[PDB]
Amino acid sequence: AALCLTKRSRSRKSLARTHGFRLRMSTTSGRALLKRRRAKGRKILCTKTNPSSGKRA
Amino acid sequence: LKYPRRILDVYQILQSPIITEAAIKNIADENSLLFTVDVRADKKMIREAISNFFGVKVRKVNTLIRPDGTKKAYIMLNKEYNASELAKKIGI
Amino acid sequence: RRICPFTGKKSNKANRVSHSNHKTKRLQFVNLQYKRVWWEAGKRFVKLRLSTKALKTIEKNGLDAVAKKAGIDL
Amino acid sequence: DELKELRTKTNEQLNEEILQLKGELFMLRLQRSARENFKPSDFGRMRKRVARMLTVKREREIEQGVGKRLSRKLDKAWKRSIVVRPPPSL
Amino acid sequence: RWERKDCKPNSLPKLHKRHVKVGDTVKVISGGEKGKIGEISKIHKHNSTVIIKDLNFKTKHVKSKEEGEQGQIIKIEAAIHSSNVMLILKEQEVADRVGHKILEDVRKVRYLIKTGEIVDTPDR
RNA sequence: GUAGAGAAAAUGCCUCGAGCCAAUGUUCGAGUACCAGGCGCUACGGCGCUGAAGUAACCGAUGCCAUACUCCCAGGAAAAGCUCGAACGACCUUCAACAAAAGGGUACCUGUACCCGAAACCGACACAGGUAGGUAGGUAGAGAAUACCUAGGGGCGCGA
RNA sequence: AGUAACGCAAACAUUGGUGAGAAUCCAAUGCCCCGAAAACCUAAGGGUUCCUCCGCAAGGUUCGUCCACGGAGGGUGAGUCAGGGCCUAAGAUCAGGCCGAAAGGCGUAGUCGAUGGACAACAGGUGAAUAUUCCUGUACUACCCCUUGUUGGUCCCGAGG
RNA sequence: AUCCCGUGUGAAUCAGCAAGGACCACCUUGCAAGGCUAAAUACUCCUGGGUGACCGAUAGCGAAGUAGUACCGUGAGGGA
RNA sequence: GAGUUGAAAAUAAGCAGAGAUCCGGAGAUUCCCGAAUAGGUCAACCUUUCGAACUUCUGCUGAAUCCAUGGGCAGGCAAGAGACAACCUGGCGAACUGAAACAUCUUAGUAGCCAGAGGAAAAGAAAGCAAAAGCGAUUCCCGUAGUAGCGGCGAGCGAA
Numbered sequence: 091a092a093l094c095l096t097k098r099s100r101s102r103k104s105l106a107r108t109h110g111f112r113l114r115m116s117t118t119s120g121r122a123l124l125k126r127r128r129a130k131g132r133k134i135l136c137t138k139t140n141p142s143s144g145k146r147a
Numbered sequence: 102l103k104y105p106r107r108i109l110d111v112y113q114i115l116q117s118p119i120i121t122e123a124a125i126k127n128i129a130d131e132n133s134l135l136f137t138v139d140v141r142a143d144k145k146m147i148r149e150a151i152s153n154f155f156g157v158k159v160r161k162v163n164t165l166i167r168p169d170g171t172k173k174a175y176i177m178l179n180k181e182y183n184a185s186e187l188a189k190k191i192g193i
Numbered sequence: 072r073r074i075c076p077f078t079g080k081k082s083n084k085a086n087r088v089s090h091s092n093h094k095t096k097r098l099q100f101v102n103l104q105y106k107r108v109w110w111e112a113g114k115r116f117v118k119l120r121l122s123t124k125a126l127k128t129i130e131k132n133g134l135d136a137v138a139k140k141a142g143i144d145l
Numbered sequence: 063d064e065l066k067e068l069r070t071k072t073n074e075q076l077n078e079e080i081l082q083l084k085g086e087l088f089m090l091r092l093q094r095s096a097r098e099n100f101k102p103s104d105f106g107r108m109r110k111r112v113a114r115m116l117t118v119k120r121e122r123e124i125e126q127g128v129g130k131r132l133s134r135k136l137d138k139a140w141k142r143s144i145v146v147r148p149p150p151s152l
Numbered sequence: 050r051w052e053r054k055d056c057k058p059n060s061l062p063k064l065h066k067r068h069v070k071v072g073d074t075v076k077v078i079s080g081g082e083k084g085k086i087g088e089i090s091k092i093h094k095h096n097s098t099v100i101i102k103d104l105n106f107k108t109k110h111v112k113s114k115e116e117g118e119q120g121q122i123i124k125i126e127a128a129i130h131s132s133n134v135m136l137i138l139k140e141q142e143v144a145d146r147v148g149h150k151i152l153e154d155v156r157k158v159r160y161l162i163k164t165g166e167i168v169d170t171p172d173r
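Residue numbers (the entry's author numbering), protein chains in the order written: chain d, 91 to 147; chain V, 102 to 193; chain Y, 72 to 145; chain Z, 63 to 152; chain W, 50 to 173.
Given below as structure tokens:
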């Protein structure tokens, strides 16, 4: 049994659907979230992955 | 009608050669030589921008994305054409 | 929606006063109702959804008047 | 020192002159690897000349009358079909 | 050092504007080496700093080569501010304030206010 | 085959009809490489040339025939590819497809490094924790335990 | 308070190196430990840590020439391996449709969604970092090109599987 | 009382109808169930001009340099 | 009106009085995601016959009764779809609180959320107010008035 550690090596793709920008926008509430994350002025306003290669060194 | 996998302008397809000692070894080794292509390139649009800019028929285009974003294209020229003597007019 | 095509008869916002004078909220809404009135100009029925007041009105005033005053048919 | 010639060129000569410009620019980029360094003097000019050609063509397109959307579509029907040619220099 | 970078209206640094021009024959007005003629050679137009030749004496030191060889000292002539230079002509050897005229042609030129000489002179 | 029209679905007759099923097997692939061992160089790695034998008996699988088979009740996913043809549907050897030379040429994007029973992943630490799956050798053993060892890897990062 | 500690009771020892500096780096020789692993791959995750050459300020519970730390260059090549270009399950989104202060809820054909089904590559070399990707040899699949023929198509469709 | 709404009945129009704080008379005002219309008016992420018994480096914007940054959380979000 | 190729210094060649750098009015280009719009999608990607759905316009014209229709099909054009600091209108609309507890009431129709639109919006030209005297569409400030009044006639609310 793993110690009360909440996050495990779950797939990035699986995570993206739950909090993906595409997913975030469809809900009426989700579009609202973007409103705020832009009015504050954040830059990385999601956690996503990309179907090519989710990294640039 | 036939279109290219994408509209990259063709000329913009190749950017610069690679002057590393390893690429020199490949020129002198396989009838290959290395290019550095922008990311939206193919084996069609690179395979058809050397057979129509150097006048040399090409055999393979093994291209690879590179860990920082740009792309890098080993091209194997068909044996009848020889690598180094072609690169000499290019300056390598 | 629960809105009569032929009159903007909405539900009513009304609190139901109790006997101790305790006011709940109790949204109160029209008896608009499924029927199928016989549109003469096509010799044919149409299925509508009608606040009874508007039903009385079509009869008193005919149908097509109600129609253009709301612009509904077809 | 200004180019009062592009406005004299018709469409065709203008066009092939564009392609030839981009070619000779390909070669200039190519020279950087083997460091023949006249480029800074006359690299940007090449680059900064194709723009003139494009600008002239659009104005011409404009008097004649085409929407930006239409022009964009026209450009794509031309970008799509073009074959790389060796530069005139050999 | 951020407190002193060139100031930028939307991608550019403001250029100020100074009366002095390259090739000008100036007298140092006040600062330090007061009263010494000179020929400006190089105008930094964003700070209004102007190096006139052979006046300002800065004794620097330069590590020359990659093995510590040489490194013999150079003596550079550094800036002086623009509000400290007036104009002189050898004929009216005297400081003055600049001015302007529109001569008989279209063009418009300097004109030393206390004398009759013309600062602009020929085009070259 | 024929009977209710192609195609199975159902009917009956019948077929030099008795063999069909599948891992192993043979040959080529490999008259080849590969190789223990030889003789020189060497800033002691490296390379150079040569290079013999390359076979049988045992035991054995937690691979393979294999959704063989038997037995059970609790009765075990779908849709494309793929094979047969009716309103032999728009279209028709000009745009078509098949035996076919298994003849000649061409062959699209994305990942690939490195860790991965982890000092770099998740526990805030270069954390005596945790993390799906794969390979599975010798002696003793019933055994993937245990004990001592090959292959490989390490001696745990304060010492006296 | 220079006090507890220095992260398990696998175990280090030597000679000789490099260097201004060695218990701590390198190479030997020996001892020892795991070996259903303290081995070799691989999904996920990380995301530049990999390699080479300099560096030692801070980091390493000591030291340091050494590092997974700093600096500069370099590196990961597929018709066949994995995914997409094929299919669909759970689920999701659902035109139209219905319902509802608004947002939106239920819902059909469709469209996505693989952890599943269709589908074609192995051995040996090379090399500082890649190799079922590069090289050698032998294979396989799909689409054209050539020949003879039949002229009859491909879809929607109804069936096997 | 006037004023708009849910349910059901459901007038007259000018020798009429509504209001004048239940209602009734007389008088007085206005005449519904159709629509449009500028100004004076409230506001500040802002721009230009000016002013400050406002701050001046844990103050003033959270932010006087890659400040919604580093970092933390799966996420909303927090935040030097 | 001279020197210049953004921040910091070179670097490399350039450009400019046959107006360079630069400052204005109007233009042109404006890769990819994003209303996102060719179709899918883990955003900045893949497959693409190269290009949404809603109105609108022009043509084909289901169903039943070839009626009439609407729906469908196509070629059209190019207008709606997103964004917002606060102010505004509309819909839904709390609670802690005050009442020295608390159910009527008060915080309050405030906060918040959703939906529109504007530089302002909403309101507005009398079936009004008045009072035996007169006014004359709305909207704000002063003041009447913390008065009249309402109110478990309690806390408090409070016009014209």
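Beta carbons: idealized from backbone N, C-alpha and C, even for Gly.
Backbone secondary structure at residue i - three-state DSSP
| i | result |
| --- | --- |
| residue 175 of chain W | With chain W covering only 50 through 173, there is no way to say anything about residue 175 of chain W. |
| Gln93 of chain Z | helix |
| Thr128 of chain Y | helix |
| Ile166 of chain V | strand |
| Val77 of chain W | strand |
| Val137 of chain Y | helix |
| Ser89 of chain Y | coil |
| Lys135 of chain Z | helix |
| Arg142 of chain Z | coil |
Closest residue to residue i among the options (Cα-Cα distance)
| i | options | result |
| --- | --- | --- |
| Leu87 of chain Z | Z:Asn99, Z:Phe105 and Z:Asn77 | Z:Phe105 |
| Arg106 of chain V | V:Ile193, V:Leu135 and V:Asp143 | V:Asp143 |
| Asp73 of chain W | W:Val158, W:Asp172, W:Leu138 and W:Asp154 | W:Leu138 |
| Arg114 of chain Z | Z:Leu90, Z:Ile80 and Z:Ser95 | Z:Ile80 |
| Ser152 of chain V | V:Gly192, V:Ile108 and V:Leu115 | V:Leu115 |
| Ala188 of chain V | V:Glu149, V:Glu122 and V:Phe155 | V:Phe155 |
| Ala106 of chain d | d:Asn140, d:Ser116 and d:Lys97 | d:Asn140 |
| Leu113 of chain d | d:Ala91, d:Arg126, d:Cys94 and d:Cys136 | d:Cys136 |
| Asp145 of chain W | W:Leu152, W:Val155 and W:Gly165 | W:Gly165 |
| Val140 of chain V | V:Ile166, V:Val159 and V:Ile108 | V:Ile166 |
| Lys127 of chain Y | Y:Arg97, Y:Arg115, Y:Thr78 and Y:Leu145 | Y:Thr78 |
| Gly113 of chain Y | Y:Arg72, Y:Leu145 and Y:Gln104 | Y:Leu145 |
| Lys103 of chain V | Z:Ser151, Z:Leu90, Z:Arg147 and Z:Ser143 | Z:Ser143 |
Residue span of the alpha helix (DSSP H) that contains residue i, given as start and end
| i | result |
| --- | --- |
| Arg115 of chain Y | No alpha helix (DSSP H) contains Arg115 of chain Y, which is instead part of the beta strand (DSSP E) from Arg115 to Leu121. |
| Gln126 of chain Z | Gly106 to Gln126 |
| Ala188 of chain V | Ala184 to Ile191 |
| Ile147 of chain V | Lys145 to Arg148 |
Any C-beta of chain d under 8 Å from that of residue i
| i | result |
| --- | --- |
| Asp143 of chain V | no |
| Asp169 of chain V | yes |
| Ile166 of chain V | yes |
Residue i: first and last residue of the uninterrupted beta strand (DSSP E) it sits in
| i | result |
| --- | --- |
| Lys106 of chain Y | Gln104 to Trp110 |
| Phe100 of chain Z | First-last for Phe100 of chain Z: undefined, no H or E at that position. |
| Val138 of chain V | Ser133 to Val138 |
| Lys180 of chain V | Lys180 of chain V -> no beta strand (DSSP E), and no H or E assigned at all. |
| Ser117 of chain V | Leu115 to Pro118 |
Chain V contact for residue i (CB, 8 Å cutoff)
| i | result |
| --- | --- |
| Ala113 of chain Z | no |
| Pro102 of chain Z | no |
| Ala147 of chain d | yes |
| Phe105 of chain Z | no |
| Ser116 of chain d | no |
| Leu92 of chain Z | yes |
Minimum Cβ-Cβ distance from residue i to chain Z less than 8 Å
| i | result |
| --- | --- |
| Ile191 of chain V | yes |
| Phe154 of chain V | yes |
| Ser185 of chain V | no |
| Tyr175 of chain V | no |
Query raised in the report: What are the uninterrupted segments assigned as beta strand (DSSP E) that are 3 or more residues long and contained completely in the region 86–172 of chain W, given in chain order?
Result: 86–93, 98–101 and 134–136
Query - Those runs of the alpha helix (DSSP H) which lie wholly inside the region 92–137 of chain d and span at least 4 residues - result: 102–109, 111–116 and 118–130
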